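Peer 1: Pasting a structure below so you can have a look.
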Amino acid sequence: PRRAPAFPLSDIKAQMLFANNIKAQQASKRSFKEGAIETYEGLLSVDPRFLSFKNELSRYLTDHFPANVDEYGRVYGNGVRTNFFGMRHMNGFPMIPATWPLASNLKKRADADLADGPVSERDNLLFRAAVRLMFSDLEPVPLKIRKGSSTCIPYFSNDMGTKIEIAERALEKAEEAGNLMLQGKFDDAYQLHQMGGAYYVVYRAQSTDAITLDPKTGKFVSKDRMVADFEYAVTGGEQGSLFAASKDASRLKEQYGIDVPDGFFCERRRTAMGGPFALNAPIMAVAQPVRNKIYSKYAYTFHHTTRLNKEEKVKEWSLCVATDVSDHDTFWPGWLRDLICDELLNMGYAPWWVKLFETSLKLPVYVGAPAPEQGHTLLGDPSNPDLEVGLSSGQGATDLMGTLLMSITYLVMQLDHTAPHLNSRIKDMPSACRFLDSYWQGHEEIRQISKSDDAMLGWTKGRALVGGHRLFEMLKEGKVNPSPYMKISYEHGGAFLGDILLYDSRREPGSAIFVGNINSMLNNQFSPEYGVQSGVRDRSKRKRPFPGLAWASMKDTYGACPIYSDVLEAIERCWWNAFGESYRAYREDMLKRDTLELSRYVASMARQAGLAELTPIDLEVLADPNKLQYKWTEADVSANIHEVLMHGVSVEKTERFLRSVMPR
Ligand SMILES: Nc1ncnc2c1ncn2[C@@H]1O[C@H](COP(=O)(O)OP(=O)(O)OP(=O)(O)O)[C@@H](O)[C@H]1O
Ligand SMILES: [Mg+2]
């Protein structure tokens, strides 16, 4: 029932994905690599003192601050949702092997008893209404490009000058390329305009993942992570096997001479995909104005900033349900890509642009190195894009695709289980749009706050409130899936975008507060995803440009966690035991150094200006810009800080492009 075509690097089809230059060639061939990260400047993740510190700290904090999560997954008391053993990894050393990406999720979705299209006409209207609302009255903005990002297939350029040239040219030739694809001339669109080819698969690490301590044995147990072998990936699970990867870190002593303390493991590795920049540029040109619209007009549902910004919305609710989605991106339905495209066409969007958009979501995938002596294979034929990989992480609009799917999925779940009396308001397209526009503004008795897979669903006083409690009960029971579209459950310790919803004795949203997650502080400070990259001179290009700055925003971010002071004192005590130094002092020096270094990057900042003008968001982002990709958006960051991390193509170029795409 269709195995995906697979080509070795040797094959012309794979060869054609990599330009005749060194970076691109090296990317094609890059062998499985592993090794300790430079956690902080001059400190390795596998430093014995550092692992001793992690052993003492994880044990102490779990001991003294056991999880306070009720029967309904509501966090109370100390604001703790699990043990602190997730820090116990040999950062920079992955679990083996990493998964081969599934070329088609069709069987997987079907076997999970998920819908192959909208179930009812109402759902069809709602998904189409989401498209109408999201893509309608768009205002052109400059095409902003993250500094240090790669152009991936085929050039693998990291130079901003080159990236701007690529982007400008892509906006000029997108029409020509889209038209070629309409004529089924994919190789021509790729050859001429580098629009097509494949996604480039990279494996990134999830630095902290589940670990438990067996009381019987006193031995630690790492969470098993299932991986697909090559056969399973190409057949969409029809053949091949799905098995647990190995997180055993014993191998590091024999291979590298690294002493592995007991209860320390290899890191979980997640697949990431980098899009062909020329194809992403025209998509992003539309996706950015879409974000602006939804974060402004539909700010209630979509625009999330501080813990208090969230609290203001949730306090008004009589019931708050924090939901959880089962591997969201991989399960994302291709029928939705087709629906979206169909509706954009009906809206009057340029068919050539829609084709580029459609194509971006059917593209082949080049697998790098999932394990030693494995990989270097192209899955799918770029001559006729037809993969069903779910949602690709490097697609120009992924966040919008996940947000669109999920927002409607949760609304449908609220309609089906709690608000049948609202069904009458969704009769046709104009009524579906009117209803959704109101729902998204927080104007109905059923409400939600979401960002892709993360969400909190609300009920005010009314007819639906009782249904809301029955739904919550269904979720607690966990025997029936409340959605036909995705596998939904309730979150064990409800949190929204890294803020824990801290309930009191009343267990009511009105009495509840959003607090920073202290575990996420520990994740960020001791288990960074990347090393310091002290090699990379231009700090704005690094994965962690100014690590030291995080110390300055810490109290604002984490200060409201009940155990904040206790944790910081525990850190100090444990760091003294391990290094014979003050952690606080160490961080203050790093903060001073990074504050001084920052002034070199900020035009407004005098030779020693001081963090005066900077917000806590600005600081958290400069220490970790990945937070700008999942927790915040561009508009949440100060003007001067934005310019450190991004650069844009003029609004004059985009404005002309946008006019040619959009209806009338
Ligand atoms: N630097 C980070 N620290 C913690 N969580 C992150 C970080 N970066 C991304 N995440 C998000 O956390 C995920 C794990 O699943 P889920 O969406 O419940 O997040 P989480 O445990 O709520 O994250 P956080 O630790 O910020 O609360 C990934 O899907 C990822 O997008
Ligand atoms: Mg969360």
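Each chain of the structure tokens is named A, B, ... in the order shown, its residues numbered from 1; ligands are numbered from 1 in display order.
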From a DSSP pass on the backbone, collect the residues of region 59-293 of chain A flagged as strand (DSSP E) and hand them back as an NGL selection string.

Peer 2: :A and (89-94 or 143-146 or 199-206 or 211-213 or 220-222 or 226-228 or 242-244 or 265-274)

Peer 1: Could those selected residues go to a file with C-alpha atoms, as a PDB file, in the first residue's frame?

Peer 2:
```
ATOM      1  CA  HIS A  89      21.473  13.462  31.528  1.00  0.00           C
ATOM      2  CA  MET A  90      24.891  13.454  29.884  1.00  0.00           C
ATOM      3  CA  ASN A  91      24.140  16.568  27.795  1.00  0.00           C
ATOM      4  CA  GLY A  92      25.482  16.353  24.241  1.00  0.00           C
ATOM      5  CA  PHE A  93      25.231  12.522  24.197  1.00  0.00           C
ATOM      6  CA  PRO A  94      22.081  11.238  22.458  1.00  0.00           C
ATOM      7  CA  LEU A 143      10.187  39.673   5.917  1.00  0.00           C
ATOM      8  CA  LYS A 144      12.234  39.138   9.123  1.00  0.00           C
ATOM      9  CA  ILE A 145      15.055  36.574   9.085  1.00  0.00           C
ATOM     10  CA  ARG A 146      16.708  35.097  12.189  1.00  0.00           C
ATOM     11  CA  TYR A 199      13.444  19.176   4.140  1.00  0.00           C
ATOM     12  CA  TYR A 200      16.823  18.544   5.761  1.00  0.00           C
ATOM     13  CA  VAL A 201      16.469  16.284   8.842  1.00  0.00           C
ATOM     14  CA  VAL A 202      18.504  17.238  11.869  1.00  0.00           C
ATOM     15  CA  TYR A 203      18.189  15.718  15.298  1.00  0.00           C
ATOM     16  CA  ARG A 204      17.973  18.229  18.180  1.00  0.00           C
ATOM     17  CA  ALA A 205      18.081  17.331  21.836  1.00  0.00           C
ATOM     18  CA  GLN A 206      15.330  17.439  24.469  1.00  0.00           C
ATOM     19  CA  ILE A 211      13.472   9.708  34.945  1.00  0.00           C
ATOM     20  CA  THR A 212      12.068   7.934  38.083  1.00  0.00           C
ATOM     21  CA  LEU A 213      13.720   6.290  41.108  1.00  0.00           C
ATOM     22  CA  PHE A 220      16.944   5.098  38.299  1.00  0.00           C
ATOM     23  CA  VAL A 221      14.712   4.399  35.307  1.00  0.00           C
ATOM     24  CA  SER A 222      14.708   6.504  32.125  1.00  0.00           C
ATOM     25  CA  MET A 226       9.979   4.603  20.771  1.00  0.00           C
ATOM     26  CA  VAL A 227      11.793   4.925  17.471  1.00  0.00           C
ATOM     27  CA  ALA A 228      10.985   3.762  13.943  1.00  0.00           C
ATOM     28  CA  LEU A 242       8.957   0.520  16.378  1.00  0.00           C
ATOM     29  CA  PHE A 243      11.180  -0.074  19.461  1.00  0.00           C
ATOM     30  CA  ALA A 244      12.643   1.703  22.553  1.00  0.00           C
ATOM     31  CA  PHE A 265      21.401   8.862  30.902  1.00  0.00           C
ATOM     32  CA  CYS A 266      21.770   9.805  27.238  1.00  0.00           C
ATOM     33  CA  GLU A 267      19.464  12.587  26.028  1.00  0.00           C
ATOM     34  CA  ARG A 268      16.245  12.247  24.154  1.00  0.00           C
ATOM     35  CA  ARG A 269      16.687  13.300  20.517  1.00  0.00           C
ATOM     36  CA  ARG A 270      13.897  14.942  18.566  1.00  0.00           C
ATOM     37  CA  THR A 271      13.670  15.257  14.871  1.00  0.00           C
ATOM     38  CA  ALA A 272      13.817  18.757  13.415  1.00  0.00           C
ATOM     39  CA  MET A 273      13.458  19.692   9.756  1.00  0.00           C
ATOM     40  CA  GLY A 274      14.977  22.620   7.906  1.00  0.00           C
TER      41      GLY A 274
END
```

Peer 1: Would you mind listing the residues within 6 Å of ligand 1, counting only C-alpha atoms and all ligand atoms, as a list in words?

Peer 2: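 These are the residues that qualify: residues 454, 497, 498, 520, 523, 524 and 630 of chain A.
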
Peer 1: For those residues, write N, CA and C atoms to a file as a PDB file, in the first residue's frame.

Peer 2:
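File produced: selection.pdb:
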```
ATOM      1  N   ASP A 454      -0.419  23.520  23.013  1.00  0.00           N
ATOM      2  CA  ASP A 454      -0.688  23.983  24.384  1.00  0.00           C
ATOM      3  C   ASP A 454      -1.966  24.798  24.449  1.00  0.00           C
ATOM      4  N   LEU A 497       2.029  27.503  28.570  1.00  0.00           N
ATOM      5  CA  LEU A 497       3.189  28.180  28.007  1.00  0.00           C
ATOM      6  C   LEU A 497       4.226  28.447  29.081  1.00  0.00           C
ATOM      7  N   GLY A 498       4.592  27.390  29.808  1.00  0.00           N
ATOM      8  CA  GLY A 498       5.626  27.421  30.833  1.00  0.00           C
ATOM      9  C   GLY A 498       5.287  28.013  32.179  1.00  0.00           C
ATOM     10  N   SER A 520      11.402  24.412  34.985  1.00  0.00           N
ATOM     11  CA  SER A 520      11.864  25.021  33.744  1.00  0.00           C
ATOM     12  C   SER A 520      13.054  25.928  33.980  1.00  0.00           C
ATOM     13  N   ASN A 523      15.896  23.364  34.227  1.00  0.00           N
ATOM     14  CA  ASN A 523      16.093  22.911  32.850  1.00  0.00           C
ATOM     15  C   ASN A 523      16.978  23.927  32.106  1.00  0.00           C
ATOM     16  N   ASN A 524      16.566  25.200  32.107  1.00  0.00           N
ATOM     17  CA  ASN A 524      17.286  26.243  31.418  1.00  0.00           C
ATOM     18  C   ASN A 524      18.708  26.479  31.958  1.00  0.00           C
ATOM     19  N   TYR A 630       8.503  29.422  20.617  1.00  0.00           N
ATOM     20  CA  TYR A 630       7.525  28.570  21.275  1.00  0.00           C
ATOM     21  C   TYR A 630       6.795  29.261  22.420  1.00  0.00           C
TER      22      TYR A 630
END
```

Peer 1: Just the residues within 12 Å of region 41-47 of chain A, please, counting only C-alpha atoms, with nothing from its chain fewer than 6 positions along; format it as a PDB file with N, CA, C and O atoms, in the first residue's frame.

Peer 2:
```
ATOM      1  N   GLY A  35      29.116  14.343  21.831  1.00  0.00           N
ATOM      2  CA  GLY A  35      30.130  14.901  22.714  1.00  0.00           C
ATOM      3  C   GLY A  35      29.567  15.911  23.671  1.00  0.00           C
ATOM      4  O   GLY A  35      28.553  16.552  23.381  1.00  0.00           O
ATOM      5  N   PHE A  53      26.943  17.713  41.515  1.00  0.00           N
ATOM      6  CA  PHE A  53      26.007  18.787  41.829  1.00  0.00           C
ATOM      7  C   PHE A  53      24.605  18.358  41.418  1.00  0.00           C
ATOM      8  O   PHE A  53      23.669  18.456  42.227  1.00  0.00           O
ATOM      9  N   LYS A  54      24.465  17.859  40.167  1.00  0.00           N
ATOM     10  CA  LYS A  54      23.168  17.410  39.654  1.00  0.00           C
ATOM     11  C   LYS A  54      22.625  16.242  40.460  1.00  0.00           C
ATOM     12  O   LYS A  54      21.419  16.216  40.772  1.00  0.00           O
ATOM     13  N   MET A  87      16.970  16.311  35.175  1.00  0.00           N
ATOM     14  CA  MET A  87      18.271  16.957  34.962  1.00  0.00           C
ATOM     15  C   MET A  87      19.435  15.950  34.802  1.00  0.00           C
ATOM     16  O   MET A  87      20.497  16.313  34.317  1.00  0.00           O
ATOM     17  N   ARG A  88      19.220  14.705  35.204  1.00  0.00           N
ATOM     18  CA  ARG A  88      20.221  13.653  35.197  1.00  0.00           C
ATOM     19  C   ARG A  88      20.572  13.044  33.814  1.00  0.00           C
ATOM     20  O   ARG A  88      20.464  11.822  33.625  1.00  0.00           O
ATOM     21  N   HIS A  89      21.055  13.894  32.871  1.00  0.00           N
ATOM     22  CA  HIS A  89      21.473  13.462  31.528  1.00  0.00           C
ATOM     23  C   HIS A  89      22.874  13.911  31.198  1.00  0.00           C
ATOM     24  O   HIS A  89      23.358  14.936  31.699  1.00  0.00           O
ATOM     25  N   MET A  90      23.528  13.149  30.333  1.00  0.00           N
ATOM     26  CA  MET A  90      24.891  13.454  29.884  1.00  0.00           C
ATOM     27  C   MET A  90      24.731  14.344  28.644  1.00  0.00           C
ATOM     28  O   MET A  90      24.741  13.851  27.496  1.00  0.00           O
ATOM     29  N   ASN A  91      24.463  15.647  28.884  1.00  0.00           N
ATOM     30  CA  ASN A  91      24.140  16.568  27.795  1.00  0.00           C
ATOM     31  C   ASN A  91      25.155  16.599  26.659  1.00  0.00           C
ATOM     32  O   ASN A  91      26.367  16.768  26.896  1.00  0.00           O
ATOM     33  N   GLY A  92      24.653  16.391  25.448  1.00  0.00           N
ATOM     34  CA  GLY A  92      25.482  16.353  24.241  1.00  0.00           C
ATOM     35  C   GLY A  92      25.632  14.945  23.708  1.00  0.00           C
ATOM     36  O   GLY A  92      26.115  14.758  22.584  1.00  0.00           O
ATOM     37  N   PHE A  93      25.221  13.943  24.543  1.00  0.00           N
ATOM     38  CA  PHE A  93      25.231  12.522  24.197  1.00  0.00           C
ATOM     39  C   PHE A  93      23.810  12.031  24.000  1.00  0.00           C
ATOM     40  O   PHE A  93      23.033  12.000  24.970  1.00  0.00           O
ATOM     41  N   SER A 207      16.887  18.033  26.218  1.00  0.00           N
ATOM     42  CA  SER A 207      17.883  17.936  27.275  1.00  0.00           C
ATOM     43  C   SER A 207      17.445  17.283  28.598  1.00  0.00           C
ATOM     44  O   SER A 207      18.270  16.725  29.341  1.00  0.00           O
ATOM     45  N   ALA A 249      23.908   5.207  29.257  1.00  0.00           N
ATOM     46  CA  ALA A 249      25.103   6.025  29.065  1.00  0.00           C
ATOM     47  C   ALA A 249      26.418   5.312  29.432  1.00  0.00           C
ATOM     48  O   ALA A 249      27.475   5.931  29.332  1.00  0.00           O
ATOM     49  N   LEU A 252      29.712   5.486  27.252  1.00  0.00           N
ATOM     50  CA  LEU A 252      30.572   6.671  27.290  1.00  0.00           C
ATOM     51  C   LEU A 252      31.904   6.445  27.982  1.00  0.00           C
ATOM     52  O   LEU A 252      32.902   7.100  27.619  1.00  0.00           O
ATOM     53  N   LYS A 253      31.930   5.512  28.968  1.00  0.00           N
ATOM     54  CA  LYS A 253      33.183   5.172  29.645  1.00  0.00           C
ATOM     55  C   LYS A 253      34.085   4.443  28.665  1.00  0.00           C
ATOM     56  O   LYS A 253      35.189   4.911  28.395  1.00  0.00           O
ATOM     57  N   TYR A 256      34.668   6.876  25.284  1.00  0.00           N
ATOM     58  CA  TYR A 256      35.302   8.182  25.431  1.00  0.00           C
ATOM     59  C   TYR A 256      36.106   8.404  26.676  1.00  0.00           C
ATOM     60  O   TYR A 256      36.764   9.454  26.788  1.00  0.00           O
ATOM     61  N   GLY A 257      36.017   7.452  27.611  1.00  0.00           N
ATOM     62  CA  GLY A 257      36.718   7.534  28.890  1.00  0.00           C
ATOM     63  C   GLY A 257      36.082   8.530  29.826  1.00  0.00           C
ATOM     64  O   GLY A 257      36.783   9.195  30.598  1.00  0.00           O
ATOM     65  N   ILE A 258      34.753   8.660  29.727  1.00  0.00           N
ATOM     66  CA  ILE A 258      33.991   9.583  30.568  1.00  0.00           C
ATOM     67  C   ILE A 258      33.366   8.810  31.715  1.00  0.00           C
ATOM     68  O   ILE A 258      32.628   7.853  31.462  1.00  0.00           O
ATOM     69  N   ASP A 259      33.618   9.237  32.961  1.00  0.00           N
ATOM     70  CA  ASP A 259      33.023   8.527  34.074  1.00  0.00           C
ATOM     71  C   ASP A 259      31.534   8.848  34.149  1.00  0.00           C
ATOM     72  O   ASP A 259      31.146  10.016  34.136  1.00  0.00           O
ATOM     73  N   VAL A 260      30.713   7.802  34.129  1.00  0.00           N
ATOM     74  CA  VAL A 260      29.264   7.921  34.141  1.00  0.00           C
ATOM     75  C   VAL A 260      28.729   7.597  35.547  1.00  0.00           C
ATOM     76  O   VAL A 260      28.759   6.422  35.940  1.00  0.00           O
ATOM     77  N   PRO A 261      28.241   8.597  36.332  1.00  0.00           N
ATOM     78  CA  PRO A 261      27.704   8.274  37.658  1.00  0.00           C
ATOM     79  C   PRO A 261      26.412   7.491  37.497  1.00  0.00           C
ATOM     80  O   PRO A 261      25.783   7.571  36.435  1.00  0.00           O
ATOM     81  N   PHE A 264      22.518   8.450  35.507  1.00  0.00           N
ATOM     82  CA  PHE A 264      22.697   9.460  34.464  1.00  0.00           C
ATOM     83  C   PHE A 264      22.535   8.779  33.102  1.00  0.00           C
ATOM     84  O   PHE A 264      23.025   7.645  32.909  1.00  0.00           O
ATOM     85  N   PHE A 265      21.787   9.442  32.186  1.00  0.00           N
ATOM     86  CA  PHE A 265      21.401   8.862  30.902  1.00  0.00           C
ATOM     87  C   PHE A 265      21.748   9.695  29.692  1.00  0.00           C
ATOM     88  O   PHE A 265      22.112  10.872  29.826  1.00  0.00           O
ATOM     89  N   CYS A 266      21.599   9.094  28.496  1.00  0.00           N
ATOM     90  CA  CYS A 266      21.770   9.805  27.238  1.00  0.00           C
ATOM     91  C   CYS A 266      20.500  10.583  26.997  1.00  0.00           C
ATOM     92  O   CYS A 266      19.436  10.183  27.485  1.00  0.00           O
ATOM     93  N   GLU A 267      20.599  11.702  26.269  1.00  0.00           N
ATOM     94  CA  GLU A 267      19.464  12.587  26.028  1.00  0.00           C
ATOM     95  C   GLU A 267      18.516  12.116  24.990  1.00  0.00           C
ATOM     96  O   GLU A 267      18.932  11.577  23.957  1.00  0.00           O
ATOM     97  N   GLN A 525      18.883  26.530  33.313  1.00  0.00           N
ATOM     98  CA  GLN A 525      20.191  26.824  33.898  1.00  0.00           C
ATOM     99  C   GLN A 525      21.183  25.670  33.887  1.00  0.00           C
ATOM    100  O   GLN A 525      22.381  25.897  33.724  1.00  0.00           O
ATOM    101  N   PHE A 526      20.713  24.439  34.079  1.00  0.00           N
ATOM    102  CA  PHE A 526      21.648  23.319  34.166  1.00  0.00           C
ATOM    103  C   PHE A 526      21.605  22.317  33.029  1.00  0.00           C
ATOM    104  O   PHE A 526      22.578  21.563  32.829  1.00  0.00           O
ATOM    105  N   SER A 527      20.510  22.328  32.246  1.00  0.00           N
ATOM    106  CA  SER A 527      20.412  21.419  31.106  1.00  0.00           C
ATOM    107  C   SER A 527      20.111  22.183  29.817  1.00  0.00           C
ATOM    108  O   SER A 527      19.100  21.885  29.179  1.00  0.00           O
ATOM    109  N   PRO A 528      20.948  23.191  29.415  1.00  0.00           N
ATOM    110  CA  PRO A 528      20.683  23.868  28.139  1.00  0.00           C
ATOM    111  C   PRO A 528      20.679  22.921  26.930  1.00  0.00           C
ATOM    112  O   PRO A 528      21.294  21.834  26.972  1.00  0.00           O
ATOM    113  N   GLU A 529      19.914  23.315  25.881  1.00  0.00           N
ATOM    114  CA  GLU A 529      19.803  22.487  24.710  1.00  0.00           C
ATOM    115  C   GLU A 529      21.122  22.465  23.946  1.00  0.00           C
ATOM    116  O   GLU A 529      21.554  21.412  23.448  1.00  0.00           O
ATOM    117  N   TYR A 530      21.784  23.632  23.899  1.00  0.00           N
ATOM    118  CA  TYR A 530      23.068  23.820  23.220  1.00  0.00           C
ATOM    119  C   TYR A 530      24.161  24.292  24.180  1.00  0.00           C
ATOM    120  O   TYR A 530      23.885  24.795  25.277  1.00  0.00           O
ATOM    121  N   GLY A 531      25.402  24.165  23.745  1.00  0.00           N
ATOM    122  CA  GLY A 531      26.517  24.728  24.487  1.00  0.00           C
ATOM    123  C   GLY A 531      26.628  26.245  24.267  1.00  0.00           C
ATOM    124  O   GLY A 531      25.852  26.863  23.501  1.00  0.00           O
ATOM    125  N   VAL A 532      27.633  26.873  24.925  1.00  0.00           N
ATOM    126  CA  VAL A 532      27.825  28.313  24.829  1.00  0.00           C
ATOM    127  C   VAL A 532      28.293  28.816  23.458  1.00  0.00           C
ATOM    128  O   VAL A 532      28.084  30.005  23.150  1.00  0.00           O
ATOM    129  N   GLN A 533      28.908  27.903  22.636  1.00  0.00           N
ATOM    130  CA  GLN A 533      29.466  28.167  21.279  1.00  0.00           C
ATOM    131  C   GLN A 533      30.468  29.294  21.367  1.00  0.00           C
ATOM    132  O   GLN A 533      30.408  30.201  20.531  1.00  0.00           O
ATOM    133  N   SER A 534      31.367  29.286  22.387  1.00  0.00           N
ATOM    134  CA  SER A 534      32.319  30.390  22.571  1.00  0.00           C
ATOM    135  C   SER A 534      33.185  30.698  21.328  1.00  0.00           C
ATOM    136  O   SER A 534      33.698  31.825  21.167  1.00  0.00           O
ATOM    137  N   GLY A 535      33.202  29.710  20.422  1.00  0.00           N
ATOM    138  CA  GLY A 535      33.896  29.785  19.149  1.00  0.00           C
ATOM    139  C   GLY A 535      33.314  30.844  18.237  1.00  0.00           C
ATOM    140  O   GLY A 535      34.049  31.691  17.706  1.00  0.00           O
ATOM    141  N   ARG A 544      22.681  30.351  22.093  1.00  0.00           N
ATOM    142  CA  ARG A 544      22.485  31.038  23.378  1.00  0.00           C
ATOM    143  C   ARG A 544      23.362  32.299  23.352  1.00  0.00           C
ATOM    144  O   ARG A 544      24.514  32.245  23.780  1.00  0.00           O
ATOM    145  N   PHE A 546      23.467  35.450  24.900  1.00  0.00           N
ATOM    146  CA  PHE A 546      23.926  36.060  26.153  1.00  0.00           C
ATOM    147  C   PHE A 546      23.399  35.262  27.344  1.00  0.00           C
ATOM    148  O   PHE A 546      22.436  35.687  28.012  1.00  0.00           O
ATOM    149  N   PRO A 547      24.002  34.074  27.611  1.00  0.00           N
ATOM    150  CA  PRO A 547      23.496  33.224  28.700  1.00  0.00           C
ATOM    151  C   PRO A 547      23.352  33.864  30.063  1.00  0.00           C
ATOM    152  O   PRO A 547      22.344  33.614  30.742  1.00  0.00           O
ATOM    153  N   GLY A 548      24.332  34.693  30.416  1.00  0.00           N
ATOM    154  CA  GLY A 548      24.423  35.388  31.694  1.00  0.00           C
ATOM    155  C   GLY A 548      23.247  36.247  32.058  1.00  0.00           C
ATOM    156  O   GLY A 548      22.916  36.292  33.248  1.00  0.00           O
ATOM    157  N   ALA A 578      29.889  20.985  45.600  1.00  0.00           N
ATOM    158  CA  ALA A 578      30.515  20.458  44.390  1.00  0.00           C
ATOM    159  C   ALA A 578      31.718  21.193  43.865  1.00  0.00           C
ATOM    160  O   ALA A 578      32.670  20.554  43.390  1.00  0.00           O
ATOM    161  N   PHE A 579      31.680  22.530  43.916  1.00  0.00           N
ATOM    162  CA  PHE A 579      32.747  23.390  43.355  1.00  0.00           C
ATOM    163  C   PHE A 579      33.576  24.176  44.363  1.00  0.00           C
ATOM    164  O   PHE A 579      34.657  24.673  44.026  1.00  0.00           O
ATOM    165  N   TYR A 586      29.109  33.485  40.858  1.00  0.00           N
ATOM    166  CA  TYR A 586      29.469  32.972  39.545  1.00  0.00           C
ATOM    167  C   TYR A 586      28.522  33.557  38.477  1.00  0.00           C
ATOM    168  O   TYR A 586      28.998  34.028  37.443  1.00  0.00           O
ATOM    169  N   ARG A 587      27.187  33.577  38.786  1.00  0.00           N
ATOM    170  CA  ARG A 587      26.145  34.069  37.886  1.00  0.00           C
ATOM    171  C   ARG A 587      26.160  35.556  37.784  1.00  0.00           C
ATOM    172  O   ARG A 587      25.861  36.094  36.712  1.00  0.00           O
ATOM    173  N   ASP A 589      28.916  37.366  37.982  1.00  0.00           N
ATOM    174  CA  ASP A 589      30.001  37.713  37.092  1.00  0.00           C
ATOM    175  C   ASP A 589      29.559  37.513  35.637  1.00  0.00           C
ATOM    176  O   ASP A 589      29.778  38.396  34.802  1.00  0.00           O
ATOM    177  N   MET A 590      28.913  36.373  35.344  1.00  0.00           N
ATOM    178  CA  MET A 590      28.451  36.053  33.999  1.00  0.00           C
ATOM    179  C   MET A 590      27.514  37.110  33.515  1.00  0.00           C
ATOM    180  O   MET A 590      27.698  37.572  32.379  1.00  0.00           O
ATOM    181  N   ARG A 593      29.475  40.301  32.702  1.00  0.00           N
ATOM    182  CA  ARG A 593      30.186  40.097  31.436  1.00  0.00           C
ATOM    183  C   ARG A 593      29.277  40.222  30.234  1.00  0.00           C
ATOM    184  O   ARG A 593      29.596  40.952  29.285  1.00  0.00           O
ATOM    185  N   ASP A 594      28.127  39.531  30.296  1.00  0.00           N
ATOM    186  CA  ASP A 594      27.126  39.539  29.226  1.00  0.00           C
ATOM    187  C   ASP A 594      26.409  40.878  29.056  1.00  0.00           C
ATOM    188  O   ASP A 594      26.098  41.237  27.919  1.00  0.00           O
TER     189      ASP A 594
END
```

Peer 1: Identify all residues of region 217-313 of chain A in helix (DSSP H, G or I) (DSSP on the backbone) and supply them as a PyMOL selection string.

Peer 2: chain A and resi 230-234+251-256+277-296+299-302+307-313

Peer 1: Rank nothing, just name the residue among A:294, A:67, A:422, A:17 nearest to residue 633 (chain A), using only C-alpha atoms.

Peer 2: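 Among the listed residues, A:294 lies closest to residue 633 (chain A).
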
Peer 1: Can I get the residues close to ligand 2 as an NGL selection string, where close means within 9 Å and we count only C-alpha atoms and all ligand atoms?

Peer 2: :A and (454-455 or 491 or 494-500 or 517)

Peer 1: Between A:299, A:471, A:174, A:637, single out the one closest to residue 190 (chain A), counting only C-alpha atoms.

Peer 2: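 Looking at the shortest contact to residue 190 (chain A), the residue is A:174.
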
Peer 1: Would you mind listing what lies within 6 Å of region 356-367 of chain A as an MDAnalysis selection string, with only C-alpha atoms counted and same-chain residues fewer than 6 positions away left out?

Peer 2: chainID A and resid 178 198:201 375:380 382 385:387

Peer 1: Suppose you want the space between CA of residue 250 (chain A) and CA of residue 63 (chain A); what is it in Å?

Peer 2: 26.1 Å

Peer 1: Given the choices A:170, A:388, A:118, A:276, which gets closest to residue 104 (chain A) if the distance is worked out from only C-alpha atoms?

Peer 2: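 Selected residue with least distance to residue 104 (chain A): A:388.
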
Peer 1: Could you give me, as a short mmCIF file (atom, residue, chain, number, x, y, z; two decimals) with N, CA and C atoms, in the first residue's frame, the residues within 7 Å of region 445-451 of chain A, counting only C-alpha atoms and dropping anything in the same chain fewer than 5 positions from it?

Peer 2:
```cif
data_model
loop_
_atom_site.label_atom_id
_atom_site.label_comp_id
_atom_site.auth_asym_id
_atom_site.auth_seq_id
_atom_site.Cartn_x
_atom_site.Cartn_y
_atom_site.Cartn_z
N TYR A 300 -7.16 37.60 22.53
CA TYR A 300 -7.68 36.84 23.65
C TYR A 300 -7.25 35.38 23.59
N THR A 301 -7.48 34.74 22.46
CA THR A 301 -7.18 33.33 22.31
C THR A 301 -5.70 33.08 22.06
N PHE A 302 -5.04 33.95 21.24
CA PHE A 302 -3.70 33.74 20.69
C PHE A 302 -2.51 34.51 21.19
N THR A 403 -1.70 25.77 15.22
CA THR A 403 -2.66 26.65 15.90
C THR A 403 -4.06 26.51 15.27
N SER A 407 -6.94 24.91 17.56
CA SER A 407 -7.98 25.85 18.01
C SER A 407 -9.38 25.29 17.65
N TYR A 439 -16.03 33.83 19.23
CA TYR A 439 -15.42 32.82 20.09
C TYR A 439 -13.96 33.15 20.33
N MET A 456 -5.59 25.97 27.22
CA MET A 456 -6.44 25.94 28.39
C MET A 456 -7.82 26.28 27.94
N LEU A 457 -8.78 25.41 28.22
CA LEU A 457 -10.16 25.57 27.76
C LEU A 457 -11.05 26.06 28.90
N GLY A 458 -11.84 27.06 28.63
CA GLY A 458 -12.69 27.63 29.65
C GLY A 458 -14.18 27.67 29.41
N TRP A 459 -14.90 27.69 30.54
CA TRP A 459 -16.35 27.77 30.65
C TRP A 459 -16.68 28.86 31.66
N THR A 460 -17.60 29.73 31.30
CA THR A 460 -18.10 30.74 32.20
C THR A 460 -19.42 30.18 32.71
N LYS A 461 -20.20 30.99 33.47
CA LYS A 461 -21.53 30.57 33.95
C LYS A 461 -22.46 30.45 32.74
N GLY A 462 -23.27 29.41 32.74
CA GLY A 462 -24.18 29.17 31.64
C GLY A 462 -24.54 27.72 31.44
#
```
